């Protein structure tokens, strides 16, 4: 009763696309991200930039101090979306059991596959080879009996490689696996887990489920399970978008409602155009706004509302501006919509 799960993951995705489309970028350090003047961050970087320590989510000013010749690119999201659609279609040639997790990656359940003599290892390799043909981009892959181990595995032999974890290999792999590598255990949780002496799955295996449940709730059950290789989550090909949002951080903080209003007027057409692609009649479940202050606290306020409406967003932003700004400056303004249920 053992499933075969593939996780496919594109290498340096946004950067790989820019280098394909402009070979002059192949061997110099490059990164997609907002300039330091726009208070931006790195979305991702190629391997020459990563050599300098440039990483995703690094403030761009830090990236540039580490790597002064970093070439900064704004991003071509239709180019990325197009490569995303193309790899998903490549995935469909092998199975319909496809759960995309972002533009550049997906789980595949190939348990019931007839391709490559039922070998999940060869399926993954054929998929990666096919993606290199056809798109001139490379991908890595992970093969395992459950989702999270497959997703961990695709990072281990990257770029342009794969890694297989058999059931026989699961207990050795788990024993020294850092908790922070489990998707969904982030910096905050890893630091709480570290501070009680829990660093690895082998550490958590020596723990009581009842204690984990008291101290972490449902998360403690996930921790307990994952540390044993337990991950019964099914590959689900039927997930749907639940929200759409548009926000911008300005180059300088704002302090006047007129400035905030001016920003919303430019945000709103963009929110409308994006909603309309998925919901032509603009019918929605909720809409709302987001401010982030110069002390980096953030507030959202949103409400039931039947259809995208600019004036109500302005009104709501006005209340938020007056009712919970407390005189600090504002670095981000955002608009947001919750989609209807079906």
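Residue numbers count along the first chain shown, from 1.
Averaging the C-alpha B factors as listed in the entry, name the stretch that ends up higher: 254-262 or 151-159.
Stretch with the higher mean C-alpha B-factor: 254-262.
Higher mean Cα B-factor in the deposited model: 290-298 or 306-314?
Between 290-298 and 306-314, it is 290-298.
Which of these, 240, 211, 101, 124, has its C-alpha atom at the highest B-factor, as the entry lists it?
That would be 211.
Kindly indicate the residue among 89, 234, 225, 112 with the greatest C-alpha B-factor in the PDB record.
The record points to 112.
Among the modelled residues of this chain, does the Cα B factor of residue 13 put it in the lowest, middle or highest third?
Ranked within chain, residue 13 CA B lands in the lowest tercile.
Where does residue 61 sit by CA temperature factor within its chain: lowest, middle or highest third?
Answer is middle: the recorded C-alpha B-factor places it there.
Determine, from the deposited record, the chain-internal third of the Cα B-factor for residue 94: lowest, middle or highest.
Answer is highest: the recorded C-alpha B-factor places it there.
In terms of the CA temperature factor given in the entry, to which third of its chain does residue 134 belong: lowest, middle or highest?
Tercile = highest for this residue's CA B-factor.
Which third, lowest, middle or highest, does the C-alpha temperature factor of residue 119 belong to within its own chain?
According to the entry, residue 119 has a C-alpha B-factor in the chain's highest third.
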